[PDB]
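> fold the following.
(2 chains)
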Amino acid sequence: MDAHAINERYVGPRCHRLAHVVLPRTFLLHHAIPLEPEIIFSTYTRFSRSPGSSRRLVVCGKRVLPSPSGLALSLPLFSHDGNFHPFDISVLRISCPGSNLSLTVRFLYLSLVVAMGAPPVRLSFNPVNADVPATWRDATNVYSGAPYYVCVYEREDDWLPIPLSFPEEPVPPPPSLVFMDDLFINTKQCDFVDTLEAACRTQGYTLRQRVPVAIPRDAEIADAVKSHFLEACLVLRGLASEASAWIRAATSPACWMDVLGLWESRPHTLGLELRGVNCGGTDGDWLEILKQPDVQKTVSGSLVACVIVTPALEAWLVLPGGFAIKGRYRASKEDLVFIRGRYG
Amino acid sequence: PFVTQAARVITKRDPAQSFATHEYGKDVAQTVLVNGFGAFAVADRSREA
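Numbering: from 1, shown residues only, chains lettered A, B, ... in the order given. See below for the structure:
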């Protein structure tokens, strides 16, 4: 409970209002946040019906040992031109300095803004104190459905409620404006698969080898590799994720790779970087791909497809057996301003 | 009661044992079959019943 009062003196002035938030373990078990003291938190908000980006801020968080119990934080709220927007996502990014861990925790303002509603000369001495009492108010996250607590500390204040500026007509439906990100990436993924299915039609519904890997002679195995391509089309369409590989390729300033979990036998790991491999498409460059430990098991093994994305937004779908199909993510110039603003 | 339901109980481990590799390894689970019962082998002469 110290991290609320620390942030009001260092993150506090650099914002407009703070959202004091305490996360219970039921929220921590869902988003899988391993509570070590090494964790660096980073916060930024994604605006709507405006050019969407706010600056990134580092917020301190401490475990509260016991009346709730859990991780304690403070979220920034930004008021451009004197008011809040209701449909305006505040993104919490959790990462460790050394290891491989990146988690995105997303909050909406209407779950926070509503939850806030009820002789030598003298030098001043103002230390950080937990003397101010807390008023615990309940909330639910819209995205996960796990409850989290909100503090309200005591200090033209009691006269007015918290200003909101609701959107104006014509407006898309707020089930579609809340999930602005998951309906943008899903249509890019569904247009990525349509390039792969068009590439089979120009070749005559075939799958050509690219990687020299010997195949044991059985007719059921030749039917099994075909089943890896159709299952990967059920996955790439159904996948709509914030941290996909092509998004890192669009906001890169190097090949970007993410393996897949076919038939739900694995969870997806997204955004793996190929450091030191230049995907030029020549037969010299595929050997540098094969030195990776992932690509050897996506091809010799089974149940895992693999997607390798160039910085020119051209991507191959690597199947087990060495088969590959060139595809292309189509991102317009208006779309790249939308992606590099909110994400990168 | 209605149809017998399965409620799974996930608790934190005792603070002697709170050391694990992954984050779910601090929690160990148990299934409690609510409104059912345990039973031996039913006779084969009335298996249809």
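
> give me the domain ranges for chain A.
A:1-118, A:181-344 (CATH domains of a matching chain).

> quick one: terminal-to-terminal distance for the first one?
Read it as domain A:1-118. 21 Å (C-alpha to C-alpha, to the nearest Å).

> just how off-centre is that domain within its chain?
Remark: domain A:1-118 is offset 15 Å from the chain centroid, using C-alpha atoms, centre = their mean, to the nearest Å.

> for the last one, same thing?
Averaging C-alpha coordinates over domain A:181-344 and over its chain gives two centres that are 19 Å apart (C-alpha atoms, centre = their mean).

> do that domain and chain B meet?
No: on the criterion C-beta under 8 Å from any C-beta of the partner chain, domain A:181-344 is out of touch with chain B, staying 12.1 Å away. C-beta here means a position set from N, CA and C on the backbone, and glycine is covered the same way.

> gap between the two ends of that domain?
Span of domain A:181-344 from end to end, C-alpha to C-alpha: 13 Å.

> could you count how many residues lie near residue 32?
By default, I'm working from chain A. 12 (other C-beta atoms under 10 Å in any protein chain shown).

> my question was about chain B, not that one.
Neighbours of residue B:32 (other C-beta under 10 Å): 10.

> quick check: the gap between it and residue A:306.
According to C-beta to C-beta, to the nearest Å, residue B:32 and residue A:306 sit 42 Å apart.

> what do you get for residue A:129?
Residue A:129 is 54 Å from residue A:306, by C-beta to C-beta.

> for residue A:10, same thing?
44 Å.

> now do residue A:22
From residue A:22 to residue A:306 the distance is 41 Å (C-beta to C-beta).

> same check, this time on residue A:65
44 Å.

> looking at the two, which one has more neighbours?
Legend: neighbour count by other C-beta under 10 Å for residue A:65 and residue A:306, higher for residue A:306 (23 against 6).

> how far off centre is stretch A:107-122?
Counting by C-alpha atoms, centre = their mean, stretch A:107-122 comes out at 27 Å from the chain centroid.

> list the buried ones in it?
A:107, A:108, A:109, A:110, A:111, A:112, A:113, A:115, A:116 (16 or more other C-beta atoms under 10 Å in any protein chain shown).

> inside strands: which ones of those residues?
Of the positions in those, A:107, A:108 sit in strands, assigned by DSSP state E.

> re earlier: can you redo the domains of chain A as CSV with distance to residue B:20?
Shown next, in CSV, are the domains of chain A (distance: least, C-beta to C-beta, whole Å):
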stretch, distance to residue B:20
domain A:1-118, 10
domain A:181-344, 18
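
> tell me which element the closest residue to residue A:305 other than its chain neighbours falls in.
Leaving aside its sequence neighbours, residue A:305 sits nearest to residue A:232 (C-beta to C-beta, 6 or more residues apart in numbering or on different chains; 4.3 Å). Assessed by DSSP states H and E, residue A:232 sits inside helix A:219-238.

> packing partners for the next helix or strand after that helix?
Later in the chain than helix A:219-238, the nearest helix or strand by DSSP H and E is helix A:245-250. Using 3 or more C-beta pairs under 8 Å, 6 or more residues apart in numbering or on different chains; DSSP states H and E as the contact test, the elements touching helix A:245-250 are helix A:180-203, strand A:255-259, strand A:269-274, strand A:306-309, helix A:333-342.

> out of these, which one sits most buried?
Among those, strand A:306-309 has the highest mean neighbour count (mean count of other C-beta atoms under 10 Å in any protein chain shown), at a mean of 25.

> against which helices or strands is it packed?
helix A:245-250, strand A:255-259, helix A:293-299, strand A:314-318.

> so what's the closest residue to residue B:36 other than its chain neighbours up against?
Excluding the flanking residues, the one nearest residue B:36 by C-beta to C-beta, 6+ apart is residue B:4, at 3.9 Å. Taking C-beta atoms under 8 Å, 6 or more residues apart in numbering or on different chains, we find residue B:4 in contact with B:33, B:34, B:35, B:36.

> tell me, how many residues neighbour the second one?
When you say that, I think you mean residue B:34. 10.

> so residue A:307 makes contact with residue A:324?
No: using C-beta atoms under 8 Å, residue A:307 is not in contact with residue A:324; the gap is 10.4 Å.

> shared neighbours of these two, anything?
By C-beta under 8 Å, 6+ apart, the residues touching both residue A:307 and residue A:324 are A:316, A:317, A:318.

> nearest to residue A:282, of these?
Checking the shared contacts of residue A:307 and residue A:324 against residue A:282 with C-beta to C-beta, the nearest one is residue A:316 at 13.3 Å.

> that closest one reaches residue A:325, doesn't it?
Yes: Residue A:316 sits in contact with residue A:325 when judged by C-beta under 8 Å, with a separation of 6.7 Å.

> any chance of the helices and strands packed on helix A:245-250 in a markdown table, plus distance to residue A:98?
Formatted as a markdown table, the helices and strands packed on helix A:245-250 follow (distance: least, C-beta to C-beta, whole Å):
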| stretch | distance to residue A:98 |
| --- | --- |
| helix A:180-203 | 29 |
| strand A:255-259 | 22 |
| strand A:269-274 | 16 |
| strand A:306-309 | 26 |
| helix A:333-342 | 27 |
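
> nearest to residue A:59, of the ones you listed?
Of these, nearest to residue A:59 by C-beta to C-beta is helix A:333-342, at 19.2 Å.

> packing partners for that closest one?
Against helix A:333-342 (3+ C-beta pairs under 8 Å, 6+ apart) you get helix A:245-250.

> other residues contacting the helix it packs on?
Counting by C-beta under 8 Å, 6+ apart, A:185, A:188, A:192, A:256-258, A:270-273, A:307, A:309-311, A:313, A:315, A:329, A:331, A:336, A:339-340, A:343-344 sit against helix A:245-250.

> point to the residue nearest the middle of the chain.
Unless you meant another one, I'm taking chain A. residue A:242 (3.6 Å; C-alpha atoms, centre = their mean).

> ah, I was thinking of chain B
Residue closest to chain B centre, computed by C-alpha atoms, centre = their mean, is residue B:31 at 1.7 Å.
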